[PDB]
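Contents: one structure, followed by commentary.
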Amino acid sequence: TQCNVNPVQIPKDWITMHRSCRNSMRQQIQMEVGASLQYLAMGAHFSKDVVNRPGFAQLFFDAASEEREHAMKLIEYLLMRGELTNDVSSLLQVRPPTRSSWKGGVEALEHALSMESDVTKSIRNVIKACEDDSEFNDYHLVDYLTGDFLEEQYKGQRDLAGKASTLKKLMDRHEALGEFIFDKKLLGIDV
Amino acid sequence: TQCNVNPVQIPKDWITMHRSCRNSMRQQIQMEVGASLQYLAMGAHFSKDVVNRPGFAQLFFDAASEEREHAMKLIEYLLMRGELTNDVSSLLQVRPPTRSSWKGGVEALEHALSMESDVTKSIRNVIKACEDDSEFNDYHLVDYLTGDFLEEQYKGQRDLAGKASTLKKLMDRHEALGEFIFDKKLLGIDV
Amino acid sequence: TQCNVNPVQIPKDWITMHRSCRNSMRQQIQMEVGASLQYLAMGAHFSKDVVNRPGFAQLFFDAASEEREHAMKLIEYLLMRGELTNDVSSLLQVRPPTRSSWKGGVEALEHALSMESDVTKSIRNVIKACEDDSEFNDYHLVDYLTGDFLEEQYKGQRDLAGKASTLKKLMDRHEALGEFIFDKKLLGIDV
Amino acid sequence: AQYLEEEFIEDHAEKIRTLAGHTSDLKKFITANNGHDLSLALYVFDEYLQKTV
Amino acid sequence: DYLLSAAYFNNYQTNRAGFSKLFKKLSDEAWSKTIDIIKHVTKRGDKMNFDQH
Ligand SMILES: [Fe+3]
Ligand SMILES: [Fe+3]
Ligand SMILES: [Fe+3]
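Chains as they are written, first to last, in the working numbering: chain A, 1 to 191; chain B, 192 to 382; chain C, 383 to 573; chain D, 574 to 626; chain E, 627 to 679.
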């Protein structure tokens with residue numbers, strides 16, 4: 001039985017992304033998804049009754065959802081350029097994250113800062129691949145990654161670095177009370 | 192008789208565009224105007240009593256006005272940079288468009304997609320000329336063409352490509368009713 | 383006595399600006415401050431009872447505050463990237479401006495246009511240093527300087543150039559009345 | 574005929590009268606008092622157009 | 627043609643915002659009338675020919 005419609009073909013000259021750039025974008029999509037899964041594990045850790053840091057839990061669950069949105073934005077960009085008419089199933093793979101426990105809020109913030117730092121470096125490498133391909137400099141995608149993605153990365157790194165510095169100063173003598181107060185401030189609660 | 196005021200001169204060091212970039216911009220302005228005229232002809236075709244596709248007519252008259260706005264934006268950019276104190280009359284030439292009839296909505300959408308694809312390629316060439324001039328990399332204009340003009344181009348191409356795919360699937364067995372319904376949807380009318 | 387807290391260290395891989403780019407940014411910060419001081423002197427000149435051009439005075443005091451904001455934006459960018467943990471005191475030096483008097487509004491507008499033209503050229507040189515460092519192309523900062531700073535520069539130059547042309551045409555026969563009317567128009571007053 | 578009367582003809586008279594008046598104003602700025610006020614007059618006239626066009 | 631005049635009067639040397647606005651309005655009106663006439667031609671059962679003299 002004929003369950004589908006015989007495909008039609010329309011002009012394709014407008015579809016211009018080159019392979020190296022497209023492959024770097026596909027790899028970045030998997031990286032964003034991997035980051036969302038690692039943040040979910042951080043949210044889960046701080047949600048435990050024996051850890052009980054709801055401010056940190058919410059911070060990381062929010063970060064997980066944001067990374068999922070980053071992956072979706074990259075996928076939407078490829079679709080807009082005429083890609084992903086096939087090879088969609090292989091774009092992503094969900095796997096358990098590498099780390100599932102942290103000693104305290106400082107370790108988690110420093111790990112998040114390092115993850116963001118890795119993502120920033122990876123995006124800069126996608127930009128290089130897309131800009132320096134000898135056959136096609138993808139001006140628009142390079143601009144999009146630079147003005148949207150890197151913008152979010154640098155602001156995010158500075159935010160995490162500041163949080164880590166502020167909380168770490170409290171650790172030599174005020175580990176419990178310092179983290180407790182900092183955690184409630186993440187929820188907008190001034191004790 | 193003295194009908195005009197003796198011209199004055201002010202500092203000109205701020206006027207920095209170079210020739211290759213400026214000439215590519217002038218050529219792009221004529222290209223946008225040419226596109227506006229070709230869209231006017233599409234609007235005229237679908238307005239005919241024997242074609243009667245008001246949704247397509249409006250779509251293309253709107254596109255014609257938008258291309259005219261693109262030409263105006265490029266002209267305003269040159270004026271802001273201190274250009275067009277002369278050589279304004281030669282910037283544009285209005286001529287009858289090359290095509291005046293289309294078999295149906297699909298042919299017109301595919302032709303529009305191809306026209307947009309040509310404009311995108313031309314803008315990328317203006318960017319190359321403006322960025323790679325060995326004597327002056329025009330950072331600001333390159334950024335403007337990339338973030339404003341290419342942005343509009345890629346979104347527009349995806350929109351036209353989707354419309355063409357959707358309507359073309361209806362052509363093997365539902366040419367008349369399929370186009371009729373699609374045309375009213377362009378007007379926001381769900382029959 | 384121990385008046386401060388023993389410093390802590392957090393990950394630093396995210397701090398990536400290179401020296402040539404950072405030094406060009408530091409020099410640009412001093413240049414913006416220098417421009418704010420020169421505009422303050424213009425505001426002071428047109429505020430004198432014997433000059434009495436309140437429209438020009440306000441125009442230049444506003445420009446002085448805007449240049450101070452430009453300096454602050456560049457400083458904030460460096461802070462976001464993890465810089466200025468030291469070497470902050472040497473970032474700026476306040477010194478009397480070079481010029482303190484102008485023959486009239488046209489001379490001041492032309493001087494302002496020339497100052498802006500110099501700033502535009504300097505920003506383009508910061509962009510070159512930041513983009514062309516063989517070890518690190520700072521994509522994000524280059525994009526920020528191009529899309530934010532150069533945008534403001536080109537619009538500002540065109541505005542000043544137009545004001546200078548308009549007023550200068552009135553100088554051969556209407557120096558006093560022409561400047562008086564133009565000055566009130568700067569205040570939004572149509573006489 | 575009615576289409577031209579309604580959509581073109583009525584308004585043409587107003588536009589032509591307006592433009593003819595502008596040329597008369599400029600002609601006077603150029604000829605009166607040896608055209609001495611021309612530069613200031615063009616500035617004032619341009620400001621007037623900004624308010625009335 | 628009017629659009630080019632509007633552009634010319636908006637260059638930094640001429641810088642006549644009033645004259646530029648006058649021509650921009652004439653340009654916008656003529657553009658709008660172009661579309662209106664094309665629609666009238668088709669309303670009456672004819673087809674537009676852009677090379678008609
Ligand atoms: Fe991300
Ligand atoms: Fe266009
Ligand atoms: Fe500045």
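From the three backbone atoms N, C-alpha and C, an ideal C-beta is built for every residue, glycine too.
When the Cα of residue i is compared with those of the options, which residue comes out closest?
i	options	result
A/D138	B/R315, B/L336, B/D323, B/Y330	B/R315
A/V94	A/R158, A/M25, A/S36, A/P11	A/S36
A/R158	C/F438, C/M462, C/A543	C/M462
B/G225	B/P202, B/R210, B/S256, B/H209	B/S256
E/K669	B/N214, B/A232, B/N243	B/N243
C/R481	C/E498, C/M553, C/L422	C/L422
A/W14	B/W205, B/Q344, B/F251, B/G369	B/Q344
B/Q200	B/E322, B/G273, B/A235	B/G273
C/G425	C/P478, C/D444, C/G538, C/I411	C/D444
A/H45	A/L109, A/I189, A/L150	A/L109
D/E580	E/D672, E/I663, E/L648, E/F676	E/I663
B/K294	B/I318, B/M362, B/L250, B/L269	B/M362
C/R408	C/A453, C/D431, C/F442, C/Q420	C/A453
B/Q229	B/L269, B/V196, B/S211, B/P288	B/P288
C/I509	B/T311, B/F327, B/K312	B/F327
C/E561	D/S612, D/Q623, D/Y621, D/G608	D/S612
With a cut-off of 8 Å on the beta carbons, I'd call residue i and residue j a contact; round off their distance for me.
i	j	result
B/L282	B/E223	Actually they do not touch by this definition, with Cβ atoms about 11 Å apart.
C/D565	C/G437	4 Å
A/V106	A/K168	5 Å
A/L160	A/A112	5 Å
D/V626	E/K651	6 Å
B/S215	E/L630	Rounded, the Cβ-Cβ distance is 19 Å, inconsistent with contact.
Reducing DSSP to helix, strand and coil, say where residue i ends up.
i	result
B/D324	coil
A/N125	helix
E/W657	helix
A/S114	helix
C/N388	coil
E/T640	coil
E/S631	helix
E/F676	coil
A/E179	helix
C/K485	coil
residue 389 of chain B	For chain B, the structure presents residues 192 to 382; residue 389 of chain B sits outside this window and is missing.
residue 166 of chain B	No answer is possible for residue 166 of chain B: it lies beyond the span of chain B, which begins at 192 and ends at 382.
D/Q575	helix
A/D148	helix
C/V433	coil
C/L473	helix
C/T398	coil
C/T502	helix
A/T98	coil
The alpha helix (DSSP H) with residue i in it runs from where to where?
i	result
A/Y39	19-47
C/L523	521-526
C/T548	533-550
A/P54	54-80
C/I571	No alpha helix (DSSP H) holds C/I571; DSSP gives it neither H nor E.
D/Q623	611-625
D/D584	583-604
Give me the chain D residues within the contact set of residue i, using Cβ-Cβ distance strictly less than 7 Å, ordered along the chain.
i	result
B/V196	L611, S612, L615
E/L648	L622, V626
Below 7 Å on C-beta distance, what does residue i contact in chain C?
i	result
E/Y638	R540, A543, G544, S547
What residues from chain D crowd round residue i, counting only those whose CB sits closer than 8 Å?
i	result
residue 432 of chain B	Coverage of chain B is limited to positions 192 through 382, which leaves residue 432 of chain B absent and any answer about it impossible.
Any beta-carbon of chain G closer than 9 Å to the one on residue i?
i	result
C/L466	Considering every chain present, this structure includes no chain G. Its protein chains are A, B, C, D and E.
Output, in chain order, the set of chain B residues within a Cβ distance shorter than 9 Å of residue i.
i	result
E/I663	Result: empty, since nearest Cβ-Cβ is about 10 Å, beyond 9 Å.
What does residue i reach in chain C if we use C-beta pairs closer than 8 Å?
i	result
A/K48	Here the premise fails: no neighbours, minimum Cβ distance about 25 Å.
Using a cut-off of 8 Å between C-beta atoms, extract the partners of residue i located in chain B.
i	result
C/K537	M271
Which residues of chain B have a Cβ atom closer than 7 Å to the Cβ of residue i, listed in chain order?
i	result
A/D143	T337, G338
Chain C partners of residue i, CB-CB under 9 Å?
i	result
A/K168	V390, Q391, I392
Using a C-beta to C-beta distance shorter than 7 Å, which residues of chain A count as neighbours of residue i?
i	result
C/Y521	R124, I127, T146, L150
Can you list the residues of chain E that residue i reaches, using a CB-CB cut of under 8 Å?
i	result
D/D619	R642, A643, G644, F645
Mind pulling the chain A residues with CB within less than 8 Å of residue i?
i	result
C/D395	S114, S117
Can you name the residues of chain D whose CB is closer than 9 Å to the CB of residue i?
i	result
C/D514	Within 9 Å Cβ-Cβ: nothing; C/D514 doesn't reach chain D, min ~45 Å.
E/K673	Going along chain D, no residue has its Cβ under 9 Å from E/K673, so there is no contact; the nearest lies around 18 Å.
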